Each structure stands twice: as structure tokens, then as C-alpha cells.
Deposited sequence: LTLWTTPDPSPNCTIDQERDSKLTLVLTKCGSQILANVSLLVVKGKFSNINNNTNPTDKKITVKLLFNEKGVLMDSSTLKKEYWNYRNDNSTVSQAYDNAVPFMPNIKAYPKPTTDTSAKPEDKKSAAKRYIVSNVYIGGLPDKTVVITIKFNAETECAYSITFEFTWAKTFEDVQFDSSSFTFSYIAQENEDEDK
């Protein structure tokens, strides 16, 4: 298991710096990865969403980008702080993370470098997640795997709302999901 230790330490920079708290838990079920994501926006643009005085403010992306060794790159709007393995020994204080088996699968979700035949959607997840747990504030979570340039691997969260919000913090309800990938030989 490799996570954003389930405490707050702002660690993620959408509009302003340390902006926000994304709690993302990855847990390695052999072949498949089981993943949980809340996102809480402390300060910044999306601490007050208003689409009367900022209509366009209808979408936030937040990006994790990884190595050959699947370590988190700066070009990620997530900070390498408080992003490690937890084993019951204070491993998360260390940060020697070289965690390639937790990585979206190349064979499943390759880089999108385009007979005429290949899968647009295989590497998308798209559902709905709810602000404050309030069913009126319908938000479209979209998850993309290994879709970004400059990286071996790349998980992309991207929330999107059509209904115009009127002085709304971006707190999102948690979201469970799975992808695959590991070491190949």
C-alpha cells in the first residue's frame, strides 16, 4: 500500500500553491490496484466556486506523473511530500519510494501514440461524485491512465460541473476504483 497519509498536510497545487488536500489511497491486490480519492480545496480559486463572476471555472485537473521507477515527478500538481509506502515502522517518513508495480499497466493503458483499431476509452473511468455528499451538486470525476506526455506513467483526476455553482468550496465525496499493472517478463 502507497498513499497520501490519510491526514491533511496540503500537498497539491491546482490554482495557488498548497491550494488543496487530495487524500488518495492505492492498495495492491495482486493483479489489480484498488484506489480511493477524496479532494478538499483549502484556499484559492476553487475555495469559492462562483460561475456568475467566474463562469468558465467549471473544471479542475490534478495530475500525478511517474518514472521508469514510478516515482512522483514535480510536473505533477501533487507534491512528493507525504506520498510513500506505509509499512508499520514509519516508512512514510523515509521516502525512498521506487514503487513501479503500483503503476497503470502499459499493455492495458499504453501511451496514446495513434487497418484502424485502438481503444479511446479503456483508460478512462467516468462516473459522478458529489460535493459535501449533496446530490444536487453533481460533479463528473474523470480518471485517465498513462495518457500524459513526459512520463513513463500518469494518473489524471479531472472534476467537471455544468450547473453554475454559487459560492461553493470544492470538497468531493470519496470515490473507489480499480486499474491494473505490474512488472512484466
Stretches with no C-alpha position, numbering per deposited sequence from 1: 1, 116-121, 193-196
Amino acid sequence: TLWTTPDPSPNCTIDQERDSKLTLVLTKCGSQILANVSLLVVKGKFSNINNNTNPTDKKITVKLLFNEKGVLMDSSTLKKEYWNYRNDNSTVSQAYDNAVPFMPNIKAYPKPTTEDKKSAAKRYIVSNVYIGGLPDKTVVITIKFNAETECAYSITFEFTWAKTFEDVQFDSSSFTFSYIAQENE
From here on, numbers count along this sequence of modelled residues.
Stretch exceeding the other in mean C-alpha B-factor - 47-55, 61-69: 47-55
Mean Cα B-factor comparison, 102-110 or 75-83, giving the higher one as deposited: 75-83
Ranked C-alpha temperature factor of residue 40 among modelled chain residues, by third: middle
Third assignment of residue 5 from its chain's C-alpha B-factors: highest
Chain third (lowest, middle, highest) by recorded CA B-factor, residue given as residue 23: middle
Among modelled residues of the same chain, the CA temperature factor third for residue 134: highest
CA B-factor ranking of residue 13, expressed as a third of its chain: middle
